[PDB]
């Protein structure tokens, strides 16, 4: 009886095995754009992905992860609210069964069709595992997806999903360039939060871009053909793998733009 996104194992149940689910700095949150304040103390954000080295794509039963070789200082996030350098380790998405839902963060209560999470760990802690014992261990760059024009840079992801349909399947996935998943603008909102799945650890500086990317209906329909189950088990489509917004508690969301 493992956590998931169903009626008997989804977000309202997670707190029994992960009591931090009811913590002081849980994610995602609704971003109330009128309450968020421009912060002149934010430095410029730097997303340096030119030497990113993807390795593999994996269906972990909750989403799919595109994994990167993080053994060298290569694809890194710095600046903005961050102190020092954060290294890309993986990205993944959350998405809906219908285009009207799927994002984790919301913007003035609006849900996007999906949300991309580029996950980075603070290199001062040596590795990801030690980073998730720290309040500033991780930085997740979140990007909303809306349905419209196709995102050409996403197609290589979409085209490999048939090989990883079920939980536990992986495929080689080298030479994928995550630059092709970014919008034009780096304007963002930021706040301190958590992982949005178990173990829900409160280690994350969230950086959520304001400008969504557009993906086509056909691209997101291929996400919805993935399975939460493993091979040979009864089909349960991998859809609605998002946690809803959590209480903001004693936090302020800061904007990078005036």
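Numbering follows the first chain given and starts at 1. Under this definition, the rigid core comprises the largest set of C-alpha atoms superposing within 1.5 Å between the forms.
Student: State which stretch is farther from the displayed form on average in 8 other deposited structures of this protein, 205-213 or 41-49, counting RMS CA distance after fitting on the rigid core.
Tutor: Farther on average in 8 other deposited structures of this protein: 41-49.
Student: Looking at the deposited entry, does 218-226 or 66-74 carry the larger mean Cα B-factor?
Tutor: Mean C-alpha B-factor is greater for 66-74.
Student: Going by the B-factors listed in the PDB entry, is the mean over the C-alpha atoms higher for 21-29 or for 233-241?
Tutor: Looking at the record's C-alpha B-factors, the answer is 233-241.
Student: Whose C-alpha has the highest temperature factor in the PDB entry: 212, 198, 193, 44?
Tutor: It is 44.
Student: Can you tell me which third, lowest, middle or highest, the CA B-factor of residue 49 falls into for its chain?
Tutor: As the PDB entry reports it, the C-alpha B-factor of residue 49 lands in the highest third of its chain.
Student: Please say which third, lowest, middle or highest, residue 137 falls into when its CA temperature factor is compared across its chain.
Tutor: Bottom third by C-alpha B-factor.
Student: Within this chain's modelled residues, let me know which third the CA B factor of residue 94 belongs to: lowest, middle or highest.
Tutor: It belongs to the lowest third of the chain when residues are ordered by C-alpha B-factor.
Student: Considering every modelled residue of the chain and its Cα B-factor in the PDB entry, is residue 251 in the lowest, middle or highest third?
Tutor: It falls in the middle third of the chain.
Student: Against its chain's modelled residues, does residue 114's Cα B factor rank lowest, middle or highest third?
Tutor: For residue 114, the deposited C-alpha B-factor lands in the lowest third.
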